[PDB]
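These notes are about the structure you will find just below.
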Amino acid sequence: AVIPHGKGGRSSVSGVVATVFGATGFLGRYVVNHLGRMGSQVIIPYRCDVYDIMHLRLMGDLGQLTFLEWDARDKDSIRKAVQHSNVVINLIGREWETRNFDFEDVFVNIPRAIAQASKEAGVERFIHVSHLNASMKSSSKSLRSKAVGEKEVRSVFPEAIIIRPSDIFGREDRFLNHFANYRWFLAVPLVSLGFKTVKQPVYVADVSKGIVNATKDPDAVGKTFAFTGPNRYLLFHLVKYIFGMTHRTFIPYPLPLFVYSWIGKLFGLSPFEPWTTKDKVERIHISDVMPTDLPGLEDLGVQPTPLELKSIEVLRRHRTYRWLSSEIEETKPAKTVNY
Amino acid sequence: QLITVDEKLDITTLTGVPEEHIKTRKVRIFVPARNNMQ
Amino acid sequence: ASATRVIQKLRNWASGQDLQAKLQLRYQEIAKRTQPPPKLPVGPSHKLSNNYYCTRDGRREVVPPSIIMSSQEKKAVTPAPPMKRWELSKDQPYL
Amino acid sequence: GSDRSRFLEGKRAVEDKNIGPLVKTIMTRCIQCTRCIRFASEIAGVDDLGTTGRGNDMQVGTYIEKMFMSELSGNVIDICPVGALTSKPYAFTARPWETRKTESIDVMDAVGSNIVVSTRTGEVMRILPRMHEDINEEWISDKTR
Amino acid sequence: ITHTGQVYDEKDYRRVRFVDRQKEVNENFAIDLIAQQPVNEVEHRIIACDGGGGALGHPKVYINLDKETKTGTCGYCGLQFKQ
Amino acid sequence: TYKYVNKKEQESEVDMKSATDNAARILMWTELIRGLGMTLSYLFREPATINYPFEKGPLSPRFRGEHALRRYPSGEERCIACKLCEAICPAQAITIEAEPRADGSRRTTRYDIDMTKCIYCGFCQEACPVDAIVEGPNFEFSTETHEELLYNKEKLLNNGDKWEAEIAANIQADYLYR
Amino acid sequence: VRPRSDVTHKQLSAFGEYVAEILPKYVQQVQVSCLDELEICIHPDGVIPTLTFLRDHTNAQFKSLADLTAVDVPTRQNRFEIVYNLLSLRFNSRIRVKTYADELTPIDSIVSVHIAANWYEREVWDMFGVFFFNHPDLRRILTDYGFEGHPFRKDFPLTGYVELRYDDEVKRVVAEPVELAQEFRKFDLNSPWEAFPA
Amino acid sequence: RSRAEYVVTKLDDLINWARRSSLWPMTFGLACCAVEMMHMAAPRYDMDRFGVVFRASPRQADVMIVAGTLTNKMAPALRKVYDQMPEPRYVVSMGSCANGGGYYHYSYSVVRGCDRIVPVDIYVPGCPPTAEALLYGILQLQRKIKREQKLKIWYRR
Amino acid sequence: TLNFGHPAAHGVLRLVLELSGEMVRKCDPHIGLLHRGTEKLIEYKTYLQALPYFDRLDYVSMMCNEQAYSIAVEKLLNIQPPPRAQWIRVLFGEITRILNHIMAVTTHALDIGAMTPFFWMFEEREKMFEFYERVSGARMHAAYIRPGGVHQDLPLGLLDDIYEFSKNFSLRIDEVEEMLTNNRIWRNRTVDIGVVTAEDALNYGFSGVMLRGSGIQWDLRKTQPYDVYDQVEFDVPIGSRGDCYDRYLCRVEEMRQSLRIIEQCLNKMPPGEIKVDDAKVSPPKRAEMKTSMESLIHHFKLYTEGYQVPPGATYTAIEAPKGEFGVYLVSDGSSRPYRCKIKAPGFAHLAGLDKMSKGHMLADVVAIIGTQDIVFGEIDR
Ligand SMILES: NC(=O)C1=CN([C@@H]2O[C@H](COP(=O)(O)OP(=O)(O)OC[C@H]3O[C@@H](n4cnc5c(N)ncnc54)[C@H](OP(=O)(O)O)[C@@H]3O)[C@@H](O)[C@H]2O)C=CC1
Ligand code: SF4
Ligand code: SF4
Ligand code: SF4
Ligand SMILES: [Zn+2]
């Protein structure tokens, strides 16, 4: 262990040495931020070239962030990453099944091997992240596969926390940017005209802070928290609201999903990071599940942050010079649906 | 003409010190002793 | 250097100056390295006699400022003699 | 004093002594100032340390090698202005300009002797006495230093 | 490992620093290298170790080799001399 | 002694010849052509640049460059932890903590020069009595990561061993001067 | 030992008396250092009057303001010691007029007497906190736009209380209380032995 | 040779060569290290020879050389200029004032390093880091740019 | 309100301007972007370990800057440097004014748009730094001029090499002389721009080439001769009218006059010691500290503690290439200073930009900053 000395800011010590395999991610970026702010020792396994992880260097202090070359297929790389970590956090995930990695791999196969080694190593705790409402029978292969994982990893690593976040709201997120980027599309398809798929977003930071707090709290063991949010929404208001802040016309036109799953298949064929995914589509119209579960935010210590509050920052880049100065007050809020 | 104030010059509000280090910091006024070495 | 005469002549002319006489690049004119070993001179105060420091320590023989007009007919006096006008140069007065 | 030297002749050297396990006597440093022989007789009643010989090889060390074992022993360190005999535990751990000096109280014994704890970068390096006329007048025990 | 037995414990995490990198240490350790040099058998009670090279060495000091049992060691070089 | 620059001593009254000469100066840009001649002239001069990797700009013995800790010929590191190199460092760069080695000798357990803090003044070179810390000739030690720039005793001692031959030659050349 | 000419220590001394006589309402002390430098000391109210006499007097023309500074002696009731160093290109001599100002007792501004002071007075406010009445535009010059505290005051920590880093979460530079990775080692340097009577 | 792997190794080698050969740098110009580079731009150690642009606006700059102390009043700007540079972009921190605080580390107005403000690729050491020393640092950036394998990572991703 | 600020200007100047069309009606320069705390750090540092700071205030005239601190500290210690050292400081002081002027004239042109003058002279500048490096070991930021005397003797080949540089340097000034002194384009860009009247220059505390350019005859090198400036002969290049041209022409003349002073220094440099022989003020020689006890004690105390200069305060001004550089050093009896106000020729000059750049275009302001030779290290300190 490492006795925590310091005042609490950078150049201080908190005693959390933590491997974080998928740090380069949108959620990840945030996880390393708090861990680094707190003063924790963060080992970031990376596969993308060094150029892309530079954004993580200034976070954390000198000799507090260590980057290791790692390959998912190669078991040895995971082995050495967790050699000297006592906390392992797994954020490995993707939306597009890539040529050389299947949803199973990114969600269930890999995240197993990882926790498996972590145990061999003797890491005190492992935090595994799987998408919210993930039935072993859910339509989207992604969600189901993720469900498959949360089970397995429990056998490789017992009492391994399993936070299960909803789609995340944050700058650089998809949930909010995706819809806002429908601008290019003249019309914005919305299955069931964006109805009956009530959704509860959660700010990225809230999720991050929550995750971090897990690392430094004994109360969470085998817990399957669910960071959800401060307000639910029918996809209709969300879509329009977005377009509202973006100040771009909103033209909700219903599109039969059966045909739309096909549109997802189309972009899905794209070689360079398909923008929409068959598995995405389903997910988007996959209704958010209700909140009866080990609570996440608040329960883990952070009060959720309403979407409207920070939406202005996430959607600003999509506006035009004409609306750039416009502020949240000028715009209207969307409506929640306790349903 | 001069004005009258019985208020102990407190200028804590102008010095520009963070609140924590003005209310939790005790300073000792002492004449330094001599290291016995010299 | 090492320039064919014609280039030099063009150079000198286009520039309007005998640039060859004063080339910027240095060639075997610069002090050779490993110049001989130096035996530097020891200054005063190294005498072994009549060298008492008390007689050579201006550091603290200095005294506290002299005080005039402390709070605790006569002719006018200037800060100092009025300055003397500078004189135009003689090698090159103008330009 | 002066800025230079005129002693072009050779120097002297005096064999060191293992006076004890607390005081390191690198006595080639000694300026034969006899404050040790006094303290060791007047403040403490040891009456062991003494001058031996005459001339420029008067060495102020125990004639036979008998350790200076007494409480009040470590004070010799503080009282020898030269660094001939100094403390063996605090041999070379620090150098005084660096040491931050905090004035505190002796808790090892009930005389409550005043002392100064010299700390560098956050670990105590030395505890030496600070003067209290009534309680410890410039001296501290072998235990509390 | 290092000159001073600086070896991160089997559980310390600064060992992560050495992961995929060389922990810089020097094979040539002084404690040993001085030992190799033999004791100089001078024939005068007090000899001086200028440090070798005069001005290019260490401050000049005189050592008393009078103690028959032990050998004088320059506080600077560590070189030892015996009478 | 003063000198007027740009002060016209007197009013030369225009003479046709003078006027023509001037008018020609404005009309046919005569002085502008003068300037072009100067640059054409250098175009013909040998360029002063050096192939940087193949040729190196000359540095004489006192060049301060990169810190190194020297060792005696025998193999005993020169530093005896007097710690005044720490005292005179202007930037607070050198951190030294010491304890008596098993041999009984004085030596530094930790000697850390923070090169990013160091401003390469060269006073440490000056201050050392045994001259254990020296300003080594190498100036090329640019590093990918900030941590590499912080240097402990082992890097400096290793730096000392690598460059000892040239450091010895450099100190040999300049010690009479000091 | 430096060469000292007493011609100056006499000339300057006399001038000191001359100034004092001409401006007795404000001159408190007038001394000449052993370094041949005069240093009329004036009551803070005499800032405008004493300077103006020196800027515009035939027998003492002190046209340019070399510098305006404020030493801070915390012990002194009037903390700051505003010092104005002036030069006389006509008589090739410099004089220093120094006043005393406490933290909340402002000094007059001399931007009128010398416009050079427009900037230095802003510099003294930013670093030490003395305020100058009738200043055209007094506002921080050297410190950051949001800086809190006057830095050159002897009671201000060197490292200060705030430092800046870029935070990704908020994608913007952000102050945080200073956390230093090697505190300034505070070597004690004063020797316990004095040098001379001085 | 014939393998989709070989074609993707050779083509980045091409992409890396282009970025390596033409690094248009942008010098903020803080403190004095800017002079020790104005000497690199100058004739004894030309930088253009290597494919380095003496003066480049942020939007057309590949490399930012931070020379000089980054005070707490210029920090908010450096980040802006770094943020407004085109994506392929690299930072070289010159001077003990910039890579670490150097003299002025403990000042209340100096950021202790530009690494706190902008991610730094090569740290060039020295109070006035010599001009060859900067040239070695720029050449070290070119060695780092040669090693990068962006196309290979996309192929096996 | 256009907030100009890399600003084409020297250093970093956020010149908050107000563009009445292209004509600029007001400038509010926001300096402070390079304030390092140089004068609050010096209070915590001994007199020798604060010398280095003075090489970084104006970073283009290093040694002349460290001749102002060296003269101050020396005054407060009533000690004077040995004769050879004073000539060496005057030799290095004029190499620095040639170095600053090559900086000021060529970078001004870089701003206006002439690019070649910078390259030709900058090669002549590395020739010069070499002289710094060969005498101190640092190309710039030497630390050679010490509070008492200078640090080490000149290497045995430097004065021959300084002659060879000075012998051929004047042709190099002559060459930019032809390329940038009569070009109608330069004259038009520089002549009648930023005229400053004589009394206004004294009132704004300009004190430099800006003072001399408008015809006021003031050089601290002849008026108040510091070091040996009483035994060297030179002509101050007083300009007549004050336009940015007359100020350029003055800067080109001072480079020429400095070659006249450098010539005299090489011709008449005395045999002797380079640092005062009081071990109390200047460190003891390497051989002496390693053989004599009085010298080791003096070396140990001087490096670890300090000179302990006697209590007092002094304002010492020397003619730095930019203008009058002065240090007001207040000293308690302690080895570390109490206050060190660096008067920067430049804090006064930048204040004048608003008055000098009156009724002028956006382009004129680029020339106005260029003709003040402002380096923000000195202004920001
Ligand atoms: N809206 C959301 O973001 C939500 C996310 N989650 C879960 O949170 C986790 C983090 O999400 P997010 O950050 O958006 O995901 P990202 O798409 O940002 O990727 C996360 C990280 O996983 C790494 N990664 C992906 N595939 C592989 C692979 N085959 N081998 C090695 N590394 C890989 C990536 O590294 P690289 O880019 O270098 O390949 C990346 O750094 C995910 O696992 C997801 O299941 C759950 C609910 C909502
Ligand atoms: S006190 Fe120290 S110095 Fe004086 S005699 Fe005893 S030992 Fe020698
Ligand atoms: S000065 Fe030389 S010897 Fe003394 S500690 Fe510093 S380095 Fe080691
Ligand atoms: S590093 Fe040395 S040189 Fe570069 S800026 Fe800071 S001080 Fe000036
Ligand atoms: Zn020895």
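By convention in this document, the chains of the structure tokens carry letters A, B, ... by their order, each chain's residues are numbered from 1, and ligands are numbered from 1 in the order they are shown.
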Residue contacts of residue 100 of chain G (8 Å, only C-alpha atoms) excluding same-chain residues fewer than 6 positions away, as a ChimeraX atom specification: /G:43-44,78-82
Residues near segment 28-33 of chain B, cut-off 7 Å, only C-alpha atoms, skip fewer than 2 positions along chain, as a PyMOL selection string: (chain B and resi 26+35) or (chain D and resi 130)
Could you take the residues named above and write them with C-alpha atoms, as a short mmCIF file (atom, residue, chain, number, x, y, z; two decimals), in the first residue's frame?
```
data_model
loop_
_atom_site.label_atom_id
_atom_site.label_comp_id
_atom_site.auth_asym_id
_atom_site.auth_seq_id
_atom_site.Cartn_x
_atom_site.Cartn_y
_atom_site.Cartn_z
CA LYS B 26 -0.51 29.91 13.84
CA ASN B 35 22.89 26.65 17.79
CA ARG D 130 19.03 25.64 23.25
#
```
Env. residues ligand 2 / 6 Å / only C-alpha atoms and all ligand atoms / as a PyMOL selection string: chain D and resi 30-36+60+80+82+84-85
Could you save the residues just selected, with N, CA and C atoms, as a CSV table (one decimal), in the first residue's frame?
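The resulting file, part-v4.csv, is reproduced below:
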```csv
chain,number,residue,atom,x,y,z
D,30,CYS,N,41.8,19.7,16.7
D,30,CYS,CA,42.0,20.5,18.0
D,30,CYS,C,42.9,21.7,18.0
D,31,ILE,N,42.3,22.8,18.5
D,31,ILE,CA,43.1,24.1,18.7
D,31,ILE,C,43.6,24.2,20.1
D,32,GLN,N,43.7,23.1,20.8
D,32,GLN,CA,44.2,23.1,22.2
D,32,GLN,C,43.6,24.2,23.0
D,33,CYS,N,42.3,24.3,23.0
D,33,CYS,CA,41.5,25.4,23.7
D,33,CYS,C,41.1,25.0,25.1
D,34,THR,N,41.3,23.7,25.4
D,34,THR,CA,41.0,23.2,26.8
D,34,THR,C,39.6,23.5,27.3
D,35,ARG,N,38.6,23.6,26.4
D,35,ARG,CA,37.2,23.7,27.0
D,35,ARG,C,36.7,22.3,27.3
D,36,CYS,N,37.2,21.3,26.5
D,36,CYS,CA,36.7,20.0,26.8
D,36,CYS,C,37.3,19.7,28.2
D,60,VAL,N,45.1,16.8,23.4
D,60,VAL,CA,44.2,16.8,24.6
D,60,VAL,C,43.3,15.5,24.5
D,80,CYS,N,33.1,22.1,21.8
D,80,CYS,CA,34.4,22.2,21.0
D,80,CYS,C,34.1,23.0,19.8
D,82,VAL,N,35.9,23.9,17.3
D,82,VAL,CA,36.5,23.1,16.2
D,82,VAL,C,35.7,21.8,16.1
D,84,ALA,N,36.9,18.9,15.8
D,84,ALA,CA,37.9,17.8,16.0
D,84,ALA,C,37.1,16.6,16.5
D,85,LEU,N,36.4,16.7,17.6
D,85,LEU,CA,35.5,15.7,18.1
D,85,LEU,C,34.1,16.2,17.8
```
Protein and nucleic residues near ligand 5, 9 Å, only C-alpha atoms and all ligand atoms, as a PyMOL selection string: chain E and resi 48-52+57-61+73-80
With C-alpha atoms kept, could you save the residues just selected as a PDB file, in the first residue's frame?
```pdb
ATOM      1  CA  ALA E  48      50.532  14.149   2.828  1.00  0.00           C
ATOM      2  CA  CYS E  49      47.976  13.158   0.256  1.00  0.00           C
ATOM      3  CA  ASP E  50      47.607  16.094  -2.099  1.00  0.00           C
ATOM      4  CA  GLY E  51      45.095  14.028  -3.939  1.00  0.00           C
ATOM      5  CA  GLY E  52      47.231  13.234  -6.912  1.00  0.00           C
ATOM      6  CA  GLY E  57      43.375  16.798  -7.064  1.00  0.00           C
ATOM      7  CA  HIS E  58      41.932  17.267  -3.601  1.00  0.00           C
ATOM      8  CA  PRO E  59      42.730  19.674  -0.794  1.00  0.00           C
ATOM      9  CA  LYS E  60      46.104  18.750   0.728  1.00  0.00           C
ATOM     10  CA  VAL E  61      46.020  16.916   4.026  1.00  0.00           C
ATOM     11  CA  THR E  73      43.383   6.841   5.122  1.00  0.00           C
ATOM     12  CA  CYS E  74      42.911  10.117   3.325  1.00  0.00           C
ATOM     13  CA  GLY E  75      39.473  11.438   4.095  1.00  0.00           C
ATOM     14  CA  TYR E  76      39.393  12.330   0.450  1.00  0.00           C
ATOM     15  CA  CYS E  77      40.855   9.566  -1.743  1.00  0.00           C
ATOM     16  CA  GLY E  78      40.442   6.732   0.677  1.00  0.00           C
ATOM     17  CA  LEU E  79      43.998   5.811  -0.218  1.00  0.00           C
ATOM     18  CA  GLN E  80      45.694   4.129   2.679  1.00  0.00           C
TER      19      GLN E  80
END
```
Spatial neighbours of segment 231-245 of chain A, max dist 10 Å, only C-alpha atoms, sep filter under 5 positions, as number ranges by chain: A: 175-183, 188, 190-202, 250-252, 284-285, 287-288, 290, 304-308, 311-316, 318-319, 323-324, 326-328, 330-339
At most 7 Å from ligand 1 (only C-alpha atoms and all ligand atoms): residue list as an MDAnalysis selection string: (chainID A and resid 21:28 46:48 71:72 91:95 101 105:107 129:132 164:168 173:175) or (chainID H and resid 157)
Long-range neighbours of residue 89 of chain C as an MDAnalysis selection string, 9 Å cut-off, only C-alpha atoms, 4 positions minimum in chain: (chainID C and resid 93:94) or (chainID F and resid 1:4) or (chainID I and resid 234:236)
Same residues, N, CA, C and O atoms, output as a PDB file, in the first residue's frame:
```
ATOM      1  N   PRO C  93      33.217  64.800 -37.780  1.00  0.00           N
ATOM      2  CA  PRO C  93      32.187  65.577 -37.107  1.00  0.00           C
ATOM      3  C   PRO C  93      30.815  65.164 -37.560  1.00  0.00           C
ATOM      4  O   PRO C  93      29.973  64.872 -36.722  1.00  0.00           O
ATOM      5  N   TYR C  94      30.591  65.121 -38.861  1.00  0.00           N
ATOM      6  CA  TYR C  94      29.271  64.805 -39.383  1.00  0.00           C
ATOM      7  C   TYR C  94      29.308  63.516 -40.167  1.00  0.00           C
ATOM      8  O   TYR C  94      30.150  63.337 -41.039  1.00  0.00           O
TER       9      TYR C  94
ATOM     10  N   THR F   1      32.967  63.725 -26.654  1.00  0.00           N
ATOM     11  CA  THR F   1      33.049  63.995 -28.071  1.00  0.00           C
ATOM     12  C   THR F   1      31.793  63.505 -28.738  1.00  0.00           C
ATOM     13  O   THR F   1      31.418  62.352 -28.561  1.00  0.00           O
ATOM     14  N   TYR F   2      31.111  64.353 -29.490  1.00  0.00           N
ATOM     15  CA  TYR F   2      29.830  63.875 -30.068  1.00  0.00           C
ATOM     16  C   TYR F   2      29.919  63.851 -31.593  1.00  0.00           C
ATOM     17  O   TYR F   2      30.930  64.334 -32.118  1.00  0.00           O
ATOM     18  N   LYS F   3      28.923  63.312 -32.281  1.00  0.00           N
ATOM     19  CA  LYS F   3      28.949  63.224 -33.736  1.00  0.00           C
ATOM     20  C   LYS F   3      27.548  63.265 -34.284  1.00  0.00           C
ATOM     21  O   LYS F   3      26.711  62.467 -33.893  1.00  0.00           O
ATOM     22  N   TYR F   4      27.281  64.190 -35.195  1.00  0.00           N
ATOM     23  CA  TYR F   4      25.952  64.326 -35.748  1.00  0.00           C
ATOM     24  C   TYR F   4      25.726  63.321 -36.840  1.00  0.00           C
ATOM     25  O   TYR F   4      26.468  63.283 -37.810  1.00  0.00           O
TER      26      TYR F   4
ATOM     27  N   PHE I 234      35.923  57.770 -27.532  1.00  0.00           N
ATOM     28  CA  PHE I 234      34.849  57.427 -28.490  1.00  0.00           C
ATOM     29  C   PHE I 234      33.977  58.661 -28.694  1.00  0.00           C
ATOM     30  O   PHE I 234      34.081  59.586 -27.884  1.00  0.00           O
ATOM     31  N   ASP I 235      33.180  58.687 -29.762  1.00  0.00           N
ATOM     32  CA  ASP I 235      32.279  59.830 -30.039  1.00  0.00           C
ATOM     33  C   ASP I 235      30.833  59.363 -29.889  1.00  0.00           C
ATOM     34  O   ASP I 235      30.456  58.443 -30.613  1.00  0.00           O
ATOM     35  N   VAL I 236      30.036  59.965 -29.025  1.00  0.00           N
ATOM     36  CA  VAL I 236      28.642  59.590 -28.930  1.00  0.00           C
ATOM     37  C   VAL I 236      27.964  60.013 -30.206  1.00  0.00           C
ATOM     38  O   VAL I 236      28.115  61.151 -30.633  1.00  0.00           O
TER      39      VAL I 236
END
```
12 Å contacts from chain F to chain C using only C-alpha atoms, as an NGL selection string: :F and (1-10 or 33-50 or 58-61 or 169-170 or 172-178)
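Atom CA of residue 66 of chain G is positioned 15.2 Å from atom CA of residue 199 of chain I.
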Surroundings of ligand 4 up to 7 Å, based on only C-alpha atoms and all ligand atoms, as a PDB file with N, CA and C atoms, in the first residue's frame:
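The resulting file, result_33.pdb, is reproduced below:
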```pdb
ATOM      1  N   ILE F 119      20.343  25.743 -14.589  1.00  0.00           N
ATOM      2  CA  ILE F 119      20.455  26.802 -15.628  1.00  0.00           C
ATOM      3  C   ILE F 119      21.931  26.833 -16.181  1.00  0.00           C
TER       4      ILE F 119
ATOM      5  N   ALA H  31      11.159  34.614 -23.587  1.00  0.00           N
ATOM      6  CA  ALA H  31      12.517  34.713 -22.995  1.00  0.00           C
ATOM      7  C   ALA H  31      13.711  34.816 -23.958  1.00  0.00           C
ATOM      8  N   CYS H  32      14.727  33.979 -23.771  1.00  0.00           N
ATOM      9  CA  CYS H  32      15.933  34.105 -24.602  1.00  0.00           C
ATOM     10  C   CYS H  32      16.242  32.906 -25.493  1.00  0.00           C
ATOM     11  N   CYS H  33      15.626  31.764 -25.209  1.00  0.00           N
ATOM     12  CA  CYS H  33      15.884  30.575 -26.008  1.00  0.00           C
ATOM     13  C   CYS H  33      15.526  30.861 -27.459  1.00  0.00           C
ATOM     14  N   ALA H  67      10.272  28.284 -26.379  1.00  0.00           N
ATOM     15  CA  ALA H  67      11.572  28.739 -25.873  1.00  0.00           C
ATOM     16  C   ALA H  67      11.291  29.742 -24.775  1.00  0.00           C
ATOM     17  N   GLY H  68      11.808  29.548 -23.577  1.00  0.00           N
ATOM     18  CA  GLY H  68      11.636  30.613 -22.584  1.00  0.00           C
ATOM     19  C   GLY H  68      10.619  30.239 -21.543  1.00  0.00           C
ATOM     20  N   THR H  69      10.566  30.999 -20.454  1.00  0.00           N
ATOM     21  CA  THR H  69       9.658  30.704 -19.365  1.00  0.00           C
ATOM     22  C   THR H  69       8.224  30.872 -19.761  1.00  0.00           C
ATOM     23  N   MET H  94      12.154  23.907 -25.342  1.00  0.00           N
ATOM     24  CA  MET H  94      13.536  24.317 -25.310  1.00  0.00           C
ATOM     25  C   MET H  94      13.820  25.116 -24.066  1.00  0.00           C
ATOM     26  N   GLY H  95      14.915  24.822 -23.384  1.00  0.00           N
ATOM     27  CA  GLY H  95      15.302  25.617 -22.238  1.00  0.00           C
ATOM     28  C   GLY H  95      14.845  25.090 -20.910  1.00  0.00           C
ATOM     29  N   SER H  96      15.713  25.159 -19.916  1.00  0.00           N
ATOM     30  CA  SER H  96      15.366  24.652 -18.618  1.00  0.00           C
ATOM     31  C   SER H  96      14.260  25.490 -18.060  1.00  0.00           C
ATOM     32  N   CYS H  97      13.944  26.590 -18.720  1.00  0.00           N
ATOM     33  CA  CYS H  97      12.846  27.414 -18.267  1.00  0.00           C
ATOM     34  C   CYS H  97      11.548  26.816 -18.725  1.00  0.00           C
ATOM     35  N   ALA H  98      11.563  26.149 -19.860  1.00  0.00           N
ATOM     36  CA  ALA H  98      10.339  25.598 -20.395  1.00  0.00           C
ATOM     37  C   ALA H  98      10.146  24.147 -20.051  1.00  0.00           C
ATOM     38  N   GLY H 102      13.248  25.748 -14.416  1.00  0.00           N
ATOM     39  CA  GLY H 102      14.558  26.356 -14.446  1.00  0.00           C
ATOM     40  C   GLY H 102      14.683  27.435 -13.430  1.00  0.00           C
ATOM     41  N   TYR H 103      15.713  28.250 -13.532  1.00  0.00           N
ATOM     42  CA  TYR H 103      15.810  29.380 -12.658  1.00  0.00           C
ATOM     43  C   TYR H 103      14.426  29.886 -12.830  1.00  0.00           C
ATOM     44  N   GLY H 126      19.428  22.869 -21.250  1.00  0.00           N
ATOM     45  CA  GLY H 126      20.465  23.921 -21.271  1.00  0.00           C
ATOM     46  C   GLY H 126      19.891  25.278 -20.947  1.00  0.00           C
ATOM     47  N   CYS H 127      20.586  26.128 -20.183  1.00  0.00           N
ATOM     48  CA  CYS H 127      19.924  27.427 -19.919  1.00  0.00           C
ATOM     49  C   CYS H 127      19.714  28.115 -21.261  1.00  0.00           C
ATOM     50  N   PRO H 128      20.740  28.494 -22.062  1.00  0.00           N
ATOM     51  CA  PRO H 128      20.511  28.891 -23.447  1.00  0.00           C
ATOM     52  C   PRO H 128      20.811  27.541 -24.126  1.00  0.00           C
ATOM     53  N   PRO H 129      19.843  26.640 -24.462  1.00  0.00           N
ATOM     54  CA  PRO H 129      20.193  25.329 -24.967  1.00  0.00           C
ATOM     55  C   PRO H 129      20.981  25.706 -26.207  1.00  0.00           C
TER      56      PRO H 129
ATOM     57  N   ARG I  56      19.739  37.439 -17.583  1.00  0.00           N
ATOM     58  CA  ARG I  56      18.505  37.037 -18.225  1.00  0.00           C
ATOM     59  C   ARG I  56      17.427  38.117 -18.228  1.00  0.00           C
TER      60      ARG I  56
END
```
DSSP helix (DSSP H, G or I) residues within segment 33-128 of chain G, listed as a list in words: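 Selecting the helix (DSSP H, G or I) positions of segment 33-128 of chain G gives residues 44, 45, 46, 47, 48, 49, 50, 51, 52, 53, 54, 55, 58, 59, 60, 117, 118, 119, 120, 121, 122, 123, 124, 125, 126, 127 and 128 of chain G.
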Pairwise distance for atom CA of residue 53 of chain I and atom CA of residue 141 of chain I, rounded to one decimal in Å: 9.1 Å
DSSP strand (DSSP E) residues within chain E, as a ChimeraX atom specification: /E:40-41,46-49,61-64,72-73,80-82
Nearby polymer residues, ligand 3, at most 7 Å, only C-alpha atoms and all ligand atoms, as a PyMOL selection string: chain F and resi 78-86+124+127-133
Residues of chain C within 12 Å of chain D, counting only C-alpha atoms, as a PyMOL selection string: chain C and resi 44-57
